[PDB]
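Next come the chains, spelled out residue by residue.
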Protein chains: 2
Amino acid sequence: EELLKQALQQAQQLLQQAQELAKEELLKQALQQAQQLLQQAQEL
Amino acid sequence: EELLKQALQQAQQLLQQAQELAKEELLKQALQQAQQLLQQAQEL
């Protein structure tokens, strides 16, 4: 559960990296990685 | 691209709803929905 927290806080930090990249490879990566934390968040 | 922005800004608003729900059904929903915006973000 604090793990879900560690997963969400980091997915949040990563969607924010995606966002500033949006304003290529590193945007792709940041979204992939964030999806990961969210799948963990979902199963957690 | 501003669409990727609209997708990311909203996925961000949703991982934040998940987070406060974390501190059941609505946490599940918020993560599902956020994953959606991120898949759109990825394909976009």
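Residues numbered from 1 in each chain as written, not as in the entry; some residues may be left out. Chains lettered and ligands numbered in written order. Heavy atoms only, no water. Residues with missing side-chain atoms left out of burial classes, pairs and counts.

Per the deposited record, X-ray crystallography is how this structure was determined, to a resolution of 2.9 Å.

1. Focus: the relation of the copies chain B and chain A
To be explicit about the condition: Least-squares fitting over the C-alpha atoms is the method by which the copies are superposed. Residue contacts are counted whenever heavy atoms from the two residues lie within 4.5 Å of one another.
Aligned on chain A, chain B shows an RMSD of 0.0 Å; the corresponding rotation is 180° and the shift along the axis is 0.0 Å. Such values leave the two copies arranged in the relation of a two-fold axis. In this assembly the copies share their binding face: 100% of the residues contributing to the interface of chain B also contribute to that of chain A.

2. Here's the deal with the environment of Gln35(B)
The condition is simple: For helices the rule is a DSSP run of H or I covering at least 4 residues; for strands it is a run of E covering at least 2, with both sets numbered from the N terminus onward.
Structurally, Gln35(B) is set in helix α2 (residues 25-43). Remark: the alpha-carbon pair of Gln35(B) and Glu25(B), spanning 10 residues in sequence, is separated by 15 Å.

3. Here's the deal with the interface of chain B and chain A
Keep this limit in mind: Three classes are used: nonpolar for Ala, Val, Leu, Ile, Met, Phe, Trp, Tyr, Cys and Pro, charged for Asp, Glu, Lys and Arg, and polar for all others, with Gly counted as polar.
At the junction of the two partners, chain B supplies 19 residues and chain A supplies 19 residues. Secondary structure elements with two or more residues in the side of chain B that touches chain A: α1 (2-22) and α2 of chain B. Counting residues per element, the side of chain B that touches chain A draws most heavily on α2(B), which supplies 10 residues. By residue class, the composition of the side of chain B that touches chain A is 11 nonpolar, seven polar and one charged.

4. Some words on the packing of helix α2 (residues 25-43) of chain A against α2(B)
Rules: Only the stretch in contact is used when a helix axis is fitted, and all axes are lines through C-alpha atoms; the angle between N-to-C directions ranges over 0 to 180 degrees. Reported orientations rely on four angle classes, namely roughly parallel under 35 degrees, roughly antiparallel over 145, roughly perpendicular from 65 to 115, and oblique for the rest. Crossings are sorted by hand: turned counterclockwise from the far helix by less than a right angle, the near helix makes the crossing left-handed, and turned clockwise it makes it right-handed.
In the contact formed by α2(A) and α2(B), the axes pass within 10 Å of each other and the chain directions differ by 160°. In terms of their interaxial angle, α2(A) and α2(B) are classed as roughly antiparallel. When the axes of α2(A) and α2(B) are compared, the crossing they make is left-handed. Contacts between α2(A) and α2(B) pair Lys28(A), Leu31(A), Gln32(A), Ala34(A), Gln35(A), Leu38(A), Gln39(A), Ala41(A) and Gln42(A) from the former with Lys28(B), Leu31(B), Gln32(B), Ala34(B), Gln35(B), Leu38(B), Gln39(B), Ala41(B) and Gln42(B) from the latter.

5. Here's the deal with the packing of helix α1 (residues 2-22) of chain A against α1(B)
In the contact formed by α1(A) and α1(B), the axes pass within 10 Å of each other and the chain directions differ by 165°. By the angle class used here, α1(A) and α1(B) are roughly antiparallel. Every pair of crossing elements has a handedness; the one defined by α1(A) and α1(B) is left-handed. Taking contact as the criterion, the partners of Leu4(A), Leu8(A), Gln9(A), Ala11(A), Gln12(A), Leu15(A), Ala18(A), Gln19(A) and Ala22(A) in α1(A) are, on α1(B), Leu4(B), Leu8(B), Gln9(B), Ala11(B), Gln12(B), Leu15(B), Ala18(B), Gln19(B) and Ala22(B). Here the residues of the contact of α1(A) with α1(B) are counted per class, giving 12 nonpolar, six polar and no charged.

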